[PDB]
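These notes are about the structure you will find just below.
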Amino acid sequence: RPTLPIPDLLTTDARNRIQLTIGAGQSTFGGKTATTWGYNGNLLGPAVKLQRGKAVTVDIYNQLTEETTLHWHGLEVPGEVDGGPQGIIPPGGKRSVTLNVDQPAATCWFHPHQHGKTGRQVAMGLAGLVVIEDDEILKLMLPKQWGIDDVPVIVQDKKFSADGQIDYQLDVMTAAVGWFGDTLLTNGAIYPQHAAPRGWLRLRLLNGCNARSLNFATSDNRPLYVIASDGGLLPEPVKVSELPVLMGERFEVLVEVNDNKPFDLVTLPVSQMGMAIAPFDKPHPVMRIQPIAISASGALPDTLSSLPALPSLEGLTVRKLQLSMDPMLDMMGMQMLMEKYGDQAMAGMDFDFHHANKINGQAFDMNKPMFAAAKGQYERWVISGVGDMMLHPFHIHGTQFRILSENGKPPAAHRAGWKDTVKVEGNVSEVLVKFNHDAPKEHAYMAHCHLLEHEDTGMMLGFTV
Ligand SMILES: [Cu+2]
Ligand SMILES: [Cu+2]
């Protein structure tokens with residue numbers, strides 16, 4: 001196996017600046033070359049490291065021949081630096097943003113948010129990481145050797161043309177069910193291996209797929225200790241045998257490397273339209289873990305953090321957000337899916353498409369924020385997928401929120417801490433959300449489905465603070 005590539009840990013320079021160059025290059029998948037995009041590279045990006053309470057200025061150089069934006073998914077920052085569809089960086093141009101980090105330690109990420117082209121731009125290779133650190137987390141003695149026992153794991157699927165190029169399309173099928181492929185990448189590589197010291201291994205898992213949900217496990221069924229979610233440390237570790245991860249969600253887990261036998265991190269088949277088509281109809285290797293006898297001292301603490309209590313529900317503003325899809329889109333999309341793949345496309349399951357996906361009866365309008373949310377006050381947002389059968393990992397910019405109910409039930413323990421994404425699929429979810437920073441109509445916050453093709457075809461709204 002190839003060794004697992006490790007995104008460079010990128011810190012501020014002497015003048016508190018960081019440089020990111022967005023550019024086209026070449027990558028190789030199964031010996032066949034593909035044009036790919038990356039941040040400071042051919043593909044994917046670095047891990048930008050940030051400290052709570054410390055400002056940094058990021059200089060962003062768009063070296064593509066098309067417009068793009070740069071969104072910091074998970075970051076509690078004003079709209080002005082949030083990099084939504086309004087944050088155009090012109091081809092060949094430079095834009096600088098100041099990030100004043102004021103949130104708990106977490107693994108966040110960044111990616112484009114170009115109007116109607118987010119799916120393509122992510123599919124082409126653009127994604128990076130954000131490692132936020134604070135006073136508190138460094139006291140825990142968690143594994144911390146970057147790329148040795150503290151390893152990022154960005155898992156993505158791609159579809160390739162016969163000639164080896166990435167095969168991306170926003171068409172009627174993918175507008176309905178999302179863009180998905182038959183090849184799995186782990187930090188850009190096909191089934192790589194990582195050499196992990198005996199003791200404890202920390203994986204910072206990111207589901208960077210456009211539309212594919214994942215469910216992580218190990219090949220020999222050893223447990224995963226979930227220590228962190230989108231927005232940071234849980235109160236204490238949650239021990240699981242498997243870990244579902246929605247598009248754009250991050251979890252950090254520890255895995256015990258307690259002997260010398262190699263094992264795989266795998267993803268288990270999911271029940272989501274399109275996603276159980278072979279070879280994802282069976283458990284699928286993500287990466288091979290090879291135990292090695294080199295120095296490590298990371299540990300699993302009993303107690304990780306203390307989070308605030310859920311706010312009292314009494315008197316909070318409630319906002320309804322009804323997710324919907326044009327029924328003509330669902331029919332045609334599911335029709336083209338069967339025409340392409342056949343029966344397996346429905347395993348586990350019991351006309352201008354460009355504006356067919358909606359929230360509150362409206363496809364995204366960049367010039368029309370849907371509402372003004374309060375600043376510094378909890379609100380209760382109620383997001384409903386009643387009426388359609390698709391999966392909608394619902395993401396809200398400018399915040400880390402608490403899940404009160406997820407798609408019918410109180411959240412699983414490992415999902416009860418800080419989240420920026422909530423599952424919506426045929427039912428209704430509730431979040432307790434607070435915005436610590438402002439966003440004017442000219443640089444509004446987004447709230448949207450993170451199934452990228454849904455977002456690109458209207459399942460997004462803007463809101464101010
Ligand atoms: Cu985001
Ligand atoms: Cu959706």
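Identifiers for the structure tokens are assigned positionally: chains receive A, B, ... in sequence, residues are indexed from 1 per chain, and ligands are indexed from 1 in the order shown.
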
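Backbone DSSP of region 197-393 of chain A yields helix (DSSP H, G or I) at residues 327, 328, 329, 330, 331, 332, 333, 334, 335, 336, 337, 338, 339, 340, 341, 343, 344, 345, 346, 353, 354 and 355 of chain A.
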
Store the residues picked out above in a file with N, CA and C atoms, as a compact mmCIF listing (two decimals), in the first residue's frame.
# COMPACT_ATOMS: atom_id res chain seq x y z
N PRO A 327 -40.96 17.43 -6.82
CA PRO A 327 -41.27 16.01 -7.01
C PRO A 327 -40.85 15.50 -8.39
N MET A 328 -40.81 16.39 -9.38
CA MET A 328 -40.35 16.04 -10.71
C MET A 328 -38.84 15.71 -10.72
N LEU A 329 -38.10 16.32 -9.79
CA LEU A 329 -36.67 16.03 -9.62
C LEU A 329 -36.46 14.65 -9.01
N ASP A 330 -37.18 14.36 -7.93
CA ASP A 330 -37.09 13.05 -7.27
C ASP A 330 -37.40 11.89 -8.21
N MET A 331 -38.48 12.02 -8.98
CA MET A 331 -38.89 10.98 -9.92
C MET A 331 -37.83 10.73 -11.00
N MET A 332 -37.45 11.80 -11.70
CA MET A 332 -36.47 11.73 -12.79
C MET A 332 -35.10 11.27 -12.32
N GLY A 333 -34.69 11.76 -11.14
CA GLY A 333 -33.40 11.42 -10.55
C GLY A 333 -33.31 9.95 -10.17
N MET A 334 -34.36 9.45 -9.53
CA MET A 334 -34.47 8.03 -9.19
C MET A 334 -34.63 7.15 -10.43
N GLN A 335 -35.25 7.70 -11.47
CA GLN A 335 -35.38 7.01 -12.76
C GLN A 335 -34.03 6.82 -13.45
N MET A 336 -33.23 7.89 -13.53
CA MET A 336 -31.90 7.82 -14.14
C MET A 336 -30.93 6.95 -13.32
N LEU A 337 -31.17 6.85 -12.01
CA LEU A 337 -30.37 6.01 -11.12
C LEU A 337 -30.55 4.52 -11.41
N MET A 338 -31.81 4.10 -11.61
CA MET A 338 -32.13 2.71 -11.98
C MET A 338 -31.65 2.38 -13.39
N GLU A 339 -31.84 3.32 -14.32
CA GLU A 339 -31.37 3.18 -15.70
C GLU A 339 -29.85 2.97 -15.78
N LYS A 340 -29.12 3.56 -14.83
CA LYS A 340 -27.66 3.48 -14.79
C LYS A 340 -27.14 2.24 -14.04
N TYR A 341 -27.74 1.94 -12.89
CA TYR A 341 -27.20 0.93 -11.97
C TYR A 341 -28.05 -0.31 -11.75
N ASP A 343 -31.04 -2.58 -9.65
CA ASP A 343 -31.68 -2.86 -8.35
C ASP A 343 -30.88 -2.42 -7.12
N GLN A 344 -29.56 -2.57 -7.19
CA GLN A 344 -28.69 -2.32 -6.03
C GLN A 344 -28.74 -0.86 -5.57
N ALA A 345 -29.17 0.03 -6.47
CA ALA A 345 -29.33 1.46 -6.17
C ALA A 345 -30.34 1.75 -5.06
N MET A 346 -31.16 0.75 -4.73
CA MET A 346 -32.22 0.90 -3.73
C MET A 346 -32.02 0.04 -2.48
N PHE A 353 -33.66 21.62 -13.32
CA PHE A 353 -33.34 21.06 -12.01
C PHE A 353 -32.43 21.98 -11.18
N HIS A 354 -31.98 23.08 -11.79
CA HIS A 354 -31.01 23.99 -11.16
C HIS A 354 -31.54 24.79 -9.97
N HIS A 355 -32.87 24.83 -9.83
CA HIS A 355 -33.52 25.50 -8.71
C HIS A 355 -34.62 24.65 -8.09

Taking a cut-off of 9 Å and counting only C-alpha atoms and all ligand atoms, can you build a table that, for each residue of chain A near ligand 1, reports the nearest atom pair and how far apart they are in Å (one decimal), sorted by chain then residue number, as CSV?
residue,atom,partner,partner_atom_place_in_ligand_line,distance
A:71,CA,ligand 1,1 (Cu),6.4
A:72,CA,ligand 1,1 (Cu),6.1
A:73,CA,ligand 1,1 (Cu),3.4
A:74,CA,ligand 1,1 (Cu),5.5
A:75,CA,ligand 1,1 (Cu),7.4
A:82,CA,ligand 1,1 (Cu),8.0
A:83,CA,ligand 1,1 (Cu),8.9
A:84,CA,ligand 1,1 (Cu),8.3
A:109,CA,ligand 1,1 (Cu),8.5
A:110,CA,ligand 1,1 (Cu),8.1
A:111,CA,ligand 1,1 (Cu),8.8
A:113,CA,ligand 1,1 (Cu),8.9
A:248,CA,ligand 1,1 (Cu),8.4
A:395,CA,ligand 1,1 (Cu),6.4
A:396,CA,ligand 1,1 (Cu),6.2
A:397,CA,ligand 1,1 (Cu),4.5
A:398,CA,ligand 1,1 (Cu),7.2
A:399,CA,ligand 1,1 (Cu),8.5
A:420,CA,ligand 1,1 (Cu),7.4
A:421,CA,ligand 1,1 (Cu),8.8
A:445,CA,ligand 1,1 (Cu),8.8
A:446,CA,ligand 1,1 (Cu),7.5
A:447,CA,ligand 1,1 (Cu),8.1
A:448,CA,ligand 1,1 (Cu),8.8
A:450,CA,ligand 1,1 (Cu),8.7

Residue nearest ligand 2 - candidates A:212, A:402, A:282, A:368, atoms counted: only C-alpha atoms and all ligand atoms
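Smallest distance to ligand 2 is found for A:212.
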
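Residues of protein or nucleic acid lying within 8 Å of ligand 2, counting only C-alpha atoms and all ligand atoms, are residues 323, 357, 390, 391, 392, 393, 394, 448, 449, 450, 451, 452, 453, 454, 455 and 459 of chain A.
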
Nearest to residue 361 (chain A): which of A:199, A:458, A:178, A:112 is it, counting only C-alpha atoms?
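Closest to residue 361 (chain A), using only C-alpha atoms: A:458.
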
Polymer residues at most 9 Å from residue 114 (chain A), only C-alpha atoms, same-chain spacing of 2 or more positions, as a ChimeraX atom specification:
/A:67-70,83-88,112,116-119,121,456

Produce a file of the selected residues containing C-alpha atoms, as an mmCIF file, in the first residue's frame.
data_model
loop_
_atom_site.group_PDB
_atom_site.id
_atom_site.type_symbol
_atom_site.label_atom_id
_atom_site.label_comp_id
_atom_site.auth_asym_id
_atom_site.auth_seq_id
_atom_site.Cartn_x
_atom_site.Cartn_y
_atom_site.Cartn_z
ATOM 1 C CA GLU A 67 -13.838 32.286 -9.500
ATOM 2 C CA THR A 68 -13.855 30.521 -6.156
ATOM 3 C CA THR A 69 -14.535 31.306 -2.486
ATOM 4 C CA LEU A 70 -12.926 29.964 0.720
ATOM 5 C CA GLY A 83 -16.159 32.760 2.572
ATOM 6 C CA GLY A 84 -19.748 32.045 1.477
ATOM 7 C CA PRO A 85 -20.907 32.468 -2.160
ATOM 8 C CA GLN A 86 -20.528 36.256 -1.715
ATOM 9 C CA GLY A 87 -16.778 35.975 -0.962
ATOM 10 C CA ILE A 88 -15.648 35.837 -4.598
ATOM 11 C CA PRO A 112 -14.885 26.371 -1.691
ATOM 12 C CA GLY A 116 -23.820 26.617 -7.839
ATOM 13 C CA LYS A 117 -20.326 25.081 -8.261
ATOM 14 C CA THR A 118 -19.442 23.908 -4.733
ATOM 15 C CA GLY A 119 -19.855 20.227 -5.637
ATOM 16 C CA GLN A 121 -14.903 22.494 -6.891
ATOM 17 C CA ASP A 456 -25.826 23.854 -5.537
#

In region 62-300 of chain A, what's strand (DSSP E) per DSSP? Answer as a tab-separated table (two decimals) with N, CA and C atoms, in the first residue's frame?
chain	number	residue	atom	x	y	z
A	62	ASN	N	-6.03	33.15	-5.58
A	62	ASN	CA	-6.72	32.30	-6.55
A	62	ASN	C	-5.93	32.19	-7.86
A	71	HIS	N	-14.45	29.01	2.31
A	71	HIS	CA	-15.27	28.90	3.51
A	71	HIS	C	-14.56	28.12	4.62
A	72	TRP	N	-14.58	28.68	5.83
A	72	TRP	CA	-14.04	28.01	7.01
A	72	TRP	C	-15.18	27.32	7.77
A	73	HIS	N	-15.46	26.09	7.36
A	73	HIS	CA	-16.54	25.28	7.91
A	73	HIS	C	-16.25	24.93	9.38
A	94	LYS	N	-5.96	38.20	-5.42
A	94	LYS	CA	-5.62	37.90	-4.04
A	94	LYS	C	-6.65	38.53	-3.08
A	95	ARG	N	-7.09	37.77	-2.08
A	95	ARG	CA	-7.90	38.33	-0.99
A	95	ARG	C	-7.39	37.91	0.39
A	96	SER	N	-7.36	38.87	1.30
A	96	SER	CA	-6.90	38.64	2.67
A	96	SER	C	-8.05	38.69	3.67
A	97	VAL	N	-8.08	37.73	4.58
A	97	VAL	CA	-9.08	37.69	5.66
A	97	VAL	C	-8.37	37.57	7.00
A	98	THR	N	-8.88	38.27	8.01
A	98	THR	CA	-8.34	38.15	9.36
A	98	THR	C	-9.24	37.22	10.15
A	99	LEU	N	-8.65	36.20	10.77
A	99	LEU	CA	-9.39	35.27	11.60
A	99	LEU	C	-9.02	35.46	13.07
A	100	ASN	N	-9.99	35.91	13.87
A	100	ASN	CA	-9.79	36.03	15.30
A	100	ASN	C	-10.48	34.88	16.02
A	106	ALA	N	-10.74	22.23	18.30
A	106	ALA	CA	-11.56	21.41	17.41
A	106	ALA	C	-10.80	21.15	16.13
A	107	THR	N	-11.26	20.15	15.39
A	107	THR	CA	-10.82	19.95	14.01
A	107	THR	C	-11.94	20.46	13.12
A	108	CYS	N	-11.71	21.63	12.52
A	108	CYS	CA	-12.60	22.14	11.51
A	108	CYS	C	-12.00	21.89	10.13
A	109	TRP	N	-12.60	22.48	9.10
A	109	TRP	CA	-12.05	22.36	7.76
A	109	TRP	C	-12.40	23.53	6.86
A	110	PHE	N	-11.78	23.57	5.69
A	110	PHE	CA	-12.12	24.61	4.70
A	110	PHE	C	-12.26	24.06	3.29
A	111	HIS	N	-13.08	24.73	2.49
A	111	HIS	CA	-13.40	24.26	1.15
A	111	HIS	C	-14.08	25.41	0.39
A	128	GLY	N	-9.24	21.55	2.74
A	128	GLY	CA	-8.12	21.59	3.69
A	128	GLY	C	-8.65	21.41	5.09
A	129	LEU	N	-7.75	21.37	6.07
A	129	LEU	CA	-8.14	21.22	7.46
A	129	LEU	C	-7.85	22.46	8.30
A	130	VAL	N	-8.56	22.59	9.41
A	130	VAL	CA	-8.25	23.62	10.41
A	130	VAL	C	-8.07	22.94	11.75
A	131	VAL	N	-6.86	23.01	12.30
A	131	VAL	CA	-6.60	22.52	13.64
A	131	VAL	C	-6.61	23.68	14.64
A	132	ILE	N	-7.70	23.77	15.42
A	132	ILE	CA	-7.76	24.80	16.46
A	132	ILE	C	-7.29	24.22	17.79
A	133	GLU	N	-6.39	24.93	18.46
A	133	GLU	CA	-5.95	24.52	19.78
A	133	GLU	C	-6.27	25.60	20.80
A	150	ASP	N	-1.13	11.31	15.72
A	150	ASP	CA	-2.21	12.29	15.57
A	150	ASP	C	-2.35	12.53	14.08
A	151	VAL	N	-3.29	11.82	13.49
A	151	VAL	CA	-3.34	11.78	12.04
A	151	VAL	C	-4.70	12.20	11.50
A	152	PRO	N	-4.70	13.09	10.50
A	152	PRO	CA	-5.92	13.50	9.83
A	152	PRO	C	-6.33	12.41	8.85
A	153	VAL	N	-7.64	12.20	8.70
A	153	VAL	CA	-8.15	11.17	7.79
A	153	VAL	C	-9.35	11.73	7.05
A	154	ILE	N	-9.06	12.30	5.89
A	154	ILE	CA	-10.05	12.90	5.02
A	154	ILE	C	-10.46	11.85	4.00
A	155	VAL	N	-11.69	11.37	4.14
A	155	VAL	CA	-12.19	10.25	3.34
A	155	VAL	C	-13.19	10.82	2.36
A	156	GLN	N	-12.95	10.54	1.08
A	156	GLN	CA	-13.74	11.06	-0.03
A	156	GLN	C	-13.94	9.98	-1.09
A	157	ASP	N	-15.07	10.00	-1.80
A	157	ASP	CA	-15.19	9.16	-3.00
A	157	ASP	C	-15.08	10.01	-4.26
A	158	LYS	N	-14.56	9.39	-5.33
A	158	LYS	CA	-14.55	10.00	-6.65
A	158	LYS	C	-14.96	8.98	-7.74
A	183	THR	N	-14.71	4.81	-6.21
A	183	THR	CA	-13.34	4.80	-5.71
A	183	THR	C	-13.24	5.57	-4.39
A	184	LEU	N	-12.61	4.97	-3.39
A	184	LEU	CA	-12.45	5.65	-2.11
A	184	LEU	C	-11.03	6.19	-1.90
A	185	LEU	N	-10.96	7.46	-1.53
A	185	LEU	CA	-9.69	8.13	-1.26
A	185	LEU	C	-9.56	8.50	0.21
A	186	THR	N	-8.34	8.39	0.71
A	186	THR	CA	-8.03	8.68	2.09
A	186	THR	C	-6.81	9.58	2.05
A	189	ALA	N	-5.27	9.39	-1.36
A	189	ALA	CA	-4.73	8.10	-1.82
A	189	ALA	C	-5.71	6.93	-1.74
A	190	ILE	N	-5.52	5.96	-2.65
A	190	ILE	CA	-6.33	4.74	-2.67
A	190	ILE	C	-5.77	3.72	-1.69
A	193	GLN	N	-1.59	2.91	3.65
A	193	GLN	CA	-1.23	2.40	4.97
A	193	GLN	C	-0.57	3.47	5.83
A	194	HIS	N	-0.88	3.43	7.12
A	194	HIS	CA	-0.26	4.32	8.08
A	194	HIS	C	0.42	3.52	9.19
A	195	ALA	N	1.69	3.86	9.46
A	195	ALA	CA	2.46	3.27	10.54
A	195	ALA	C	2.19	3.99	11.86
A	196	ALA	N	1.54	3.29	12.78
A	196	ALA	CA	1.08	3.89	14.04
A	196	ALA	C	1.83	3.29	15.23
A	197	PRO	N	2.39	4.14	16.13
A	197	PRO	CA	3.05	3.62	17.32
A	197	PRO	C	2.11	2.80	18.20
A	199	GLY	N	0.29	1.75	21.50
A	199	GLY	CA	-0.30	2.63	22.49
A	199	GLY	C	-1.62	3.17	21.96
A	200	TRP	N	-1.71	4.49	21.84
A	200	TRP	CA	-2.94	5.12	21.40
A	200	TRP	C	-2.75	5.88	20.09
A	201	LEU	N	-3.68	5.67	19.17
A	201	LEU	CA	-3.68	6.40	17.91
A	201	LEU	C	-4.90	7.33	17.86
A	202	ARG	N	-4.66	8.58	17.50
A	202	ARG	CA	-5.72	9.57	17.35
A	202	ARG	C	-5.97	9.79	15.86
A	203	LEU	N	-7.22	9.61	15.44
A	203	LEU	CA	-7.60	9.87	14.07
A	203	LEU	C	-8.57	11.03	14.08
A	204	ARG	N	-8.30	12.02	13.24
A	204	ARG	CA	-9.24	13.13	13.07
A	204	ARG	C	-9.95	12.85	11.77
A	205	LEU	N	-11.13	12.26	11.89
A	205	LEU	CA	-11.87	11.80	10.72
A	205	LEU	C	-12.71	12.94	10.14
A	206	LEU	N	-12.58	13.12	8.83
A	206	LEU	CA	-13.45	14.01	8.07
A	206	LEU	C	-14.13	13.27	6.93
A	207	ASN	N	-15.46	13.33	6.89
A	207	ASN	CA	-16.20	12.91	5.71
A	207	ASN	C	-16.22	14.06	4.71
A	214	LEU	N	-20.88	7.92	5.54
A	214	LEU	CA	-19.93	6.88	5.86
A	214	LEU	C	-20.25	6.33	7.25
A	215	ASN	N	-19.70	5.17	7.56
A	215	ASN	CA	-19.86	4.58	8.87
A	215	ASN	C	-18.57	3.83	9.19
A	216	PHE	N	-17.73	4.45	10.02
A	216	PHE	CA	-16.41	3.93	10.31
A	216	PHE	C	-16.45	2.81	11.34
A	217	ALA	N	-15.54	1.84	11.19
A	217	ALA	CA	-15.33	0.72	12.11
A	217	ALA	C	-13.91	0.18	11.89
A	218	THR	N	-13.53	-0.86	12.62
A	218	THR	CA	-12.26	-1.53	12.34
A	218	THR	C	-12.52	-2.93	11.79
A	224	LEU	N	-13.85	2.16	18.88
A	224	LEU	CA	-13.36	3.52	18.71
A	224	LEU	C	-13.83	4.36	19.88
A	225	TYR	N	-12.92	5.15	20.44
A	225	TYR	CA	-13.25	6.03	21.55
A	225	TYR	C	-13.42	7.44	21.01
A	226	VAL	N	-14.67	7.87	20.90
A	226	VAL	CA	-14.98	9.17	20.34
A	226	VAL	C	-14.65	10.23	21.40
A	227	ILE	N	-13.72	11.14	21.09
A	227	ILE	CA	-13.33	12.19	22.03
A	227	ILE	C	-13.76	13.60	21.61
A	228	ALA	N	-14.19	13.75	20.36
A	228	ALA	CA	-14.52	15.07	19.80
A	228	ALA	C	-15.47	15.00	18.62
A	229	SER	N	-16.29	16.05	18.46
A	229	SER	CA	-17.24	16.17	17.33
A	229	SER	C	-16.90	17.44	16.54
A	232	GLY	N	-15.70	20.31	18.77
A	232	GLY	CA	-14.64	20.09	19.75
A	232	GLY	C	-14.83	18.91	20.68
A	233	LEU	N	-14.02	18.89	21.73
A	233	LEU	CA	-14.06	17.84	22.76
A	233	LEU	C	-15.47	17.59	23.30
A	234	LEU	N	-15.80	16.31	23.45
A	234	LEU	CA	-16.95	15.86	24.20
A	234	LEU	C	-16.62	16.02	25.68
A	235	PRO	N	-17.64	15.94	26.56
A	235	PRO	CA	-17.32	15.92	28.00
A	235	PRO	C	-16.41	14.76	28.45
A	236	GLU	N	-16.57	13.58	27.84
A	236	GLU	CA	-15.80	12.39	28.21
A	236	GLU	C	-15.86	11.46	26.99
A	237	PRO	N	-14.95	10.47	26.89
A	237	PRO	CA	-15.00	9.60	25.70
A	237	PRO	C	-16.25	8.75	25.65
A	238	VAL	N	-16.77	8.54	24.43
A	238	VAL	CA	-17.90	7.66	24.17
A	238	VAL	C	-17.34	6.48	23.38
A	239	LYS	N	-17.45	5.27	23.92
A	239	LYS	CA	-16.88	4.06	23.31
A	239	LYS	C	-17.89	3.37	22.39
A	240	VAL	N	-17.54	3.27	21.10
A	240	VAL	CA	-18.46	2.75	20.09
A	240	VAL	C	-17.82	1.62	19.28
A	243	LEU	N	-19.10	4.18	13.85
A	243	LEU	CA	-19.28	5.62	13.88
A	243	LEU	C	-19.77	6.18	12.53
A	244	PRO	N	-21.10	6.39	12.39
A	244	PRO	CA	-21.62	7.05	11.20
A	244	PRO	C	-21.17	8.50	11.16
A	245	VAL	N	-20.79	8.96	9.97
A	245	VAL	CA	-20.33	10.32	9.77
A	245	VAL	C	-20.99	10.86	8.50
A	250	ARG	N	-16.94	16.15	11.29
A	250	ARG	CA	-15.68	15.64	11.82
A	250	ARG	C	-15.92	14.94	13.18
A	251	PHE	N	-15.22	13.83	13.40
A	251	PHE	CA	-15.08	13.25	14.73
A	251	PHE	C	-13.62	12.91	14.94
A	252	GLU	N	-13.16	13.05	16.18
A	252	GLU	CA	-11.84	12.55	16.58
A	252	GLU	C	-12.06	11.32	17.45
A	253	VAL	N	-11.31	10.26	17.14
A	253	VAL	CA	-11.40	9.02	17.88
A	253	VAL	C	-10.00	8.55	18.28
A	254	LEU	N	-9.93	7.80	19.37
A	254	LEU	CA	-8.70	7.08	19.69
A	254	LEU	C	-8.95	5.59	19.43
A	255	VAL	N	-7.90	4.92	18.96
A	255	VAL	CA	-7.93	3.50	18.69
A	255	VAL	C	-6.73	2.93	19.42
A	256	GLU	N	-6.92	1.80	20.09
A	256	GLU	CA	-5.84	1.18	20.87
A	256	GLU	C	-4.98	0.31	19.96
A	257	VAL	N	-3.68	0.59	19.97
A	257	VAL	CA	-2.70	-0.15	19.18
A	257	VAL	C	-1.94	-1.00	20.19
A	263	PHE	N	-4.31	-3.91	11.02
A	263	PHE	CA	-5.76	-3.95	10.88
A	263	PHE	C	-6.20	-2.78	10.01
A	264	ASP	N	-7.41	-2.87	9.46
A	264	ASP	CA	-7.94	-1.78	8.66
A	264	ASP	C	-8.93	-0.93	9.42
A	265	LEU	N	-8.93	0.36	9.11
A	265	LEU	CA	-10.08	1.20	9.34
A	265	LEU	C	-10.98	0.96	8.12
A	266	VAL	N	-12.27	0.72	8.36
A	266	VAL	CA	-13.21	0.44	7.27
A	266	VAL	C	-14.42	1.39	7.35
A	267	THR	N	-15.20	1.42	6.28
A	267	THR	CA	-16.53	2.04	6.31
A	267	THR	C	-17.56	0.97	5.96
A	284	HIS	N	-15.85	-1.63	3.31
A	284	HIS	CA	-14.85	-1.15	2.37
A	284	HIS	C	-13.64	-0.61	3.16
A	285	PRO	N	-12.42	-1.11	2.87
A	285	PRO	CA	-11.21	-0.58	3.51
A	285	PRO	C	-11.07	0.93	3.33
A	286	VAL	N	-10.62	1.61	4.39
A	286	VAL	CA	-10.33	3.04	4.30
A	286	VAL	C	-8.81	3.23	4.29
A	287	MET	N	-8.16	2.62	5.28
A	287	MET	CA	-6.71	2.60	5.38
A	287	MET	C	-6.24	1.46	6.28
A	288	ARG	N	-5.06	0.97	5.98
A	288	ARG	CA	-4.45	-0.10	6.75
A	288	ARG	C	-3.63	0.54	7.86
A	289	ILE	N	-3.76	0.03	9.08
A	289	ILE	CA	-2.93	0.50	10.21
A	289	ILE	C	-1.85	-0.53	10.57
A	290	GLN	N	-0.60	-0.09	10.47
A	290	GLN	CA	0.55	-0.92	10.78
A	290	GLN	C	1.21	-0.51	12.11
A	291	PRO	N	1.07	-1.34	13.16
A	291	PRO	CA	1.71	-1.02	14.44
A	291	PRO	C	3.24	-1.01	14.30
A	292	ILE	N	3.88	-0.04	14.95
A	292	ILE	CA	5.34	0.09	14.93
A	292	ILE	C	5.82	0.37	16.35

Residues near residue 19 (chain A), anyone? I mean within 9 Å using only C-alpha atoms, not counting same-chain ones fewer than 2 positions away, as a PyMOL selection string.
chain A and resi 12+17+21+40+57-61

I need the residues from that last selection saved to file as a CSV table (one decimal), in the first residue's frame (with N, CA, C and O atoms), if you can.
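The resulting file, result.csv, is reproduced below:
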chain,number,residue,atom,x,y,z
A,12,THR,N,1.2,30.3,11.5
A,12,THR,CA,1.5,31.7,11.2
A,12,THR,C,3.0,32.0,11.1
A,12,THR,O,3.8,31.3,11.7
A,17,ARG,N,0.9,35.9,9.5
A,17,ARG,CA,0.2,35.7,8.2
A,17,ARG,C,0.4,34.2,7.8
A,17,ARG,O,1.3,33.5,8.2
A,21,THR,N,-2.5,29.2,-1.6
A,21,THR,CA,-2.6,29.3,-3.1
A,21,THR,C,-3.5,28.3,-3.6
A,21,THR,O,-3.3,27.1,-3.3
A,40,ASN,N,-2.1,25.0,-1.7
A,40,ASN,CA,-0.7,24.8,-1.6
A,40,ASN,C,-0.2,23.4,-2.1
A,40,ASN,O,0.5,22.7,-1.4
A,57,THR,N,-3.9,36.5,9.8
A,57,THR,CA,-4.4,37.0,8.5
A,57,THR,C,-4.0,35.9,7.5
A,57,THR,O,-2.9,35.5,7.4
A,58,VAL,N,-5.0,35.5,6.8
A,58,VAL,CA,-4.7,34.5,5.7
A,58,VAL,C,-4.7,35.2,4.4
A,58,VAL,O,-5.7,35.9,4.0
A,59,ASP,N,-3.6,35.1,3.6
A,59,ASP,CA,-3.6,35.7,2.3
A,59,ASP,C,-4.0,34.6,1.2
A,59,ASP,O,-3.3,33.6,1.1
A,60,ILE,N,-5.1,34.8,0.5
A,60,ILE,CA,-5.6,33.8,-0.4
A,60,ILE,C,-5.4,34.2,-1.8
A,60,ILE,O,-5.8,35.3,-2.2
A,61,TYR,N,-4.7,33.4,-2.5
A,61,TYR,CA,-4.3,33.6,-3.9
A,61,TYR,C,-5.0,32.7,-4.8
A,61,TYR,O,-4.7,31.5,-4.9

Excluding residue 43 (chain A) and residues on its chain fewer than 3 positions from it, collect all residues at most 9 Å away from it, counting only C-alpha atoms, and give them as a ChimeraX atom specification.
/A:23-27,36-40,124-127,188

Now that the selection is made, can you save its residues with C-alpha atoms as a PDB file, in the first residue's frame?
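Dumped everything to part.pdb:
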ATOM      1  CA  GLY A  23      -4.330  25.979  -8.025  1.00  0.00           C
ATOM      2  CA  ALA A  24      -4.665  23.300 -10.670  1.00  0.00           C
ATOM      3  CA  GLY A  25      -2.198  20.435 -10.948  1.00  0.00           C
ATOM      4  CA  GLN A  26      -1.975  16.716 -11.678  1.00  0.00           C
ATOM      5  CA  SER A  27      -2.530  13.722  -9.412  1.00  0.00           C
ATOM      6  CA  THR A  36      -6.817  18.035  -9.780  1.00  0.00           C
ATOM      7  CA  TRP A  37      -7.085  21.172  -7.651  1.00  0.00           C
ATOM      8  CA  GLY A  38      -5.451  21.829  -4.281  1.00  0.00           C
ATOM      9  CA  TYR A  39      -4.499  24.393  -1.650  1.00  0.00           C
ATOM     10  CA  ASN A  40      -0.673  24.794  -1.617  1.00  0.00           C
ATOM     11  CA  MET A 124     -11.906  18.600  -8.281  1.00  0.00           C
ATOM     12  CA  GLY A 125      -9.782  18.314  -5.115  1.00  0.00           C
ATOM     13  CA  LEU A 126     -10.224  21.497  -3.016  1.00  0.00           C
ATOM     14  CA  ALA A 127     -10.383  20.769   0.752  1.00  0.00           C
ATOM     15  CA  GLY A 188      -6.084  11.686  -1.660  1.00  0.00           C
TER      16      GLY A 188
END

Enter the distance from CA of residue 34 (chain A) to CA of residue 49 (chain A), in Å, rounded to one decimal.
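According to the coordinates, CA of residue 34 (chain A) and CA of residue 49 (chain A) are separated by 29.0 Å.
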